[PDB]
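All letters in the sequence shown, in the order written, are residues 21 to 290, 299 to 416 by PDB author numbering.
All remarks here apply to the structure that follows.
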Amino acid sequence: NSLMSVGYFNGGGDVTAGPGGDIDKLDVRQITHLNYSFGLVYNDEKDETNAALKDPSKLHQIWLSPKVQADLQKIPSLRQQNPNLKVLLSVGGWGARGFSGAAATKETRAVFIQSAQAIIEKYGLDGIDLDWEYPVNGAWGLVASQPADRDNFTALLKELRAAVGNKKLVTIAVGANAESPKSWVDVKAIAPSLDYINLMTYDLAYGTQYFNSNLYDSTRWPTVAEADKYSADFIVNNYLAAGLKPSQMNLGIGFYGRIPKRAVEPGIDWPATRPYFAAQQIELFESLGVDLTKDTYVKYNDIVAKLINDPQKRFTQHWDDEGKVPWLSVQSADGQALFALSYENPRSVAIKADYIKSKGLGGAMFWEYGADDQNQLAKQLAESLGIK
């Protein structure tokens with residue numbers, strides 16, 4: 021059994037201009053599995069702002085935007101590109117509502133499951149991937165949640181498996197948080213229903229931590245608050261402690277970076301850190317398409333083209349050899365180097381693949397093809413993993 025490489029493609033969230041279908045410029049020869057993102061969940065959560073999800077007659081089913089339907093119909097042309105490719109629909113994602121309600125009972129779960137089976141048969145999918153962010157915790161109140169989420173999720177996976185059968189793929193993504201295998205997700209109970217589990221070993225640049233996807237801790241740029249100290253290795257060990265076999269886990273790799281929150285918001289230890305971005309730094313990133321009052325996310329192809337290759341040459345490249353990742357700096361008004369963002373580059377990708385091999389993991393997952401730069405990071409990842 022050679023290694024896996026599960027690429028996300030966020031077709032459902034793609035609002036980029038530029039001619040041609042956006043699926044048609046994916047090199048799917050570099051991956052073993054493709055998670056097409058995202059189906060959503062019809063839901064009656066009162067804070068839901070996608071009215072199309074509020075159809076009372078379809079509550080707890082999966083919603084496919086017309087864009088996502090047009091992409092899923094072109095799977096056959098992807099299978100021509102890579103005859104061994106496995107294609108899954110990913111349902112959920114950050115901020116996606118409705119999982120707690122769809123999971124509450126056997127009957128609501130069955131509405132969800134019937135919808136999954138129908139979508140799988142309609143488009144000839146190889147399987148389904150569930151991205152519930154997150155059961156019990158609810159992404160700190162961003163989506164509805166309840167204690168029964170944990171066991172309800174287990175029942176859902178079991179009953180989804182029973183429906184789709186033993187050949188179709190059922191997979192899930194799981195959170196970085198240490199709490200997640202402790203009390204959100206029943207790791208040992210769900211494992212025999214799942215082909216594999218993708219770890220979201222990124223989005224760590226929050227609170228008092230600088231790095232967004234460091235492989236190990238960095239002492240040059242330490243994290244202050246205890247609840248915030250995270251690293252891919254620490255997450256992998258957490259999930260092994262909770263009982264997952266290594267070969268069932270894919271290490272998540274982010275084809276992107278983040279401005280850390282610590283640069284723009286005070287960092288609280290439940299202020300422990302204070303923001304070092306002035307109006308100038310915020311306006312700078314606003315001028316490049318990065319509204320930090322909205323989000324800290326920067327696609328890798330945007331990092332290359334706009335920051336690293338900035339005609340104004342405002343950004344400087346750095347490497348942390350304890351974290352094993354690159355970061356950029358901009359200059360303060362008083363001329364010091366400010367930690368602007370960490371990301372991933374071919375170096376740090378090749379290193380995470382090496383970590384996959386030597387930890388004995390199942391492979392890699394990455395988010396996502398659209399943030400890549402002419403498939404460069406996906407190609408680096410395939411090479412380093414030995415994928416043919």
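Note that CB positions come from ideal geometry on N, CA and C, so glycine has one too.
Top-ranked residue by Cα proximity to residue i, from the options
i: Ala245; options: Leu92, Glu314, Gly227; result: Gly227
i: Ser25; options: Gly195, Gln364, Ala381; result: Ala381
i: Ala182; options: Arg170, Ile210, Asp169; result: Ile210
i: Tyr325; options: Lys281, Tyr143, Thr191, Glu285; result: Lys281
i: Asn373; options: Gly388, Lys387, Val332; result: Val332
i: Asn55; options: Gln364, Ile82, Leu189; result: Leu189
i: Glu396; options: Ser22, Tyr28, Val35, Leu23; result: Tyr28
i: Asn102; options: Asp47, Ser357, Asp289; result: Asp47
i: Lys45; options: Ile415, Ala252, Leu177, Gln402; result: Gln402
i: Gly274; options: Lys265, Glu314, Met220; result: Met220
i: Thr125; options: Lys178, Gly115, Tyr143; result: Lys178
i: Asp362; options: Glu411, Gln309, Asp206, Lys407; result: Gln309
i: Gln408; options: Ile288, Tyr230, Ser376; result: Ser376
i: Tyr383; options: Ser315, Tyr143, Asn270; result: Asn270
i: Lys94; options: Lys142, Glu68, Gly113, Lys78; result: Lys142
i: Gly391; options: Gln100, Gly38, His53, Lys78; result: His53
i: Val88; options: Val35, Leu105, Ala261; result: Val35
i: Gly40; options: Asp91, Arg99, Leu405, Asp169; result: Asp91
i: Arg170; options: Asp289, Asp206, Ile288, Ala247; result: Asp206
i: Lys187; options: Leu145, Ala164, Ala168; result: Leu145
i: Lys208; options: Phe173, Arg302, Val61, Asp75; result: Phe173
i: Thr243; options: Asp289, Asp338, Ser203; result: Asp289
Length of the line joining the Cα atoms of residue i and residue j
i: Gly317; j: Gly277; result: 14 Å
i: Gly33; j: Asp42; result: 11 Å
i: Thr321; j: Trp355; result: 21 Å
i: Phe119; j: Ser57; result: 16 Å
i: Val256; j: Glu199; result: 13 Å
i: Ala196; j: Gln340; result: 36 Å
i: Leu108; j: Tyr304; result: 42 Å
i: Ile192; j: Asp349; result: 31 Å
i: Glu285; j: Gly185; result: 48 Å
i: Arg129; j: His80; result: 8 Å
i: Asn70; j: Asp64; result: 10 Å
i: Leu150; j: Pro266; result: 20 Å
i: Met393; j: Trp160; result: 25 Å
i: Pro155; j: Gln166; result: 7 Å
i: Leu176; j: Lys66; result: 23 Å
i: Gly113; j: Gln345; result: 31 Å
i: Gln268; j: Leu214; result: 9 Å
i: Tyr236; j: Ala378; result: 15 Å
Whole-number beta carbon distance between residue j and residue i, since they are thought to touch under 8 Å
i: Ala307; j: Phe343; result: About 18 Å separates the two Cβ atoms, so there is no contact after all.
i: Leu84; j: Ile139; result: 7 Å
i: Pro201; j: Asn157; result: Contact doesn't hold; Cβ gap of about 12 Å is too wide.
i: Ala252; j: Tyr328; result: Their Cβ separation, rounded to whole angstroms, is 17 Å, which puts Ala252 and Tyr328 out of contact at 8 Å.
i: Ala122; j: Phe132; result: 4 Å
i: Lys352; j: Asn234; result: 7 Å
i: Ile82; j: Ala136; result: 6 Å
i: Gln50; j: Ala365; result: Contact flag wrong, Cβ pair sits at about 35 Å.
i: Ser22; j: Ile415; result: 7 Å
Residues bridged to residue i (per DSSP)
i: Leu219; result: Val194, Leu271
i: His346; result: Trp355
i: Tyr28; result: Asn55
i: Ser110; result: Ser57, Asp149
i: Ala365; result: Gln359
i: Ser370; result: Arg278, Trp355
i: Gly287; result: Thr301
i: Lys265; result: The partner list for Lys265 (beta bridge, DSSP) is empty, contrary to what the question assumes.
i: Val88; result: In the DSSP output, where bridge partners are listed per residue, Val88 has none listed.
i: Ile384; result: BP columns for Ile384 are empty, so no partner.
i: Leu189; result: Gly147
i: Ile82; result: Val61
i: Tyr325; result: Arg278
i: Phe394; result: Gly27, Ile273
Chain D contact for residue i (CB, 8 Å cutoff)
i: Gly398; result: The structure shown contains no chain D; it holds only a single protein chain.
What are the complete beta strand (DSSP E) segments, minimum 3 residues, inside the segment 33 to 71? 53 to 61
Counting only runs that start and end within the segment 128 to 179, where is the beta strand (DSSP E) found for 3 or more residues in a row? Within the segment 128 to 179, the runs of beta strand (DSSP E) at least 3 residues long that lie entirely inside it are, in chain order, 147 to 151.
As an exercise, report each continuous alpha helix (DSSP H) stretch of at least 4 residues that is fully enclosed by the segment 210 to 263, in chain order. For the segment 210 to 263, whole alpha helix (DSSP H) runs of length 4 or above, ordered along the chain, are 252 to 261.
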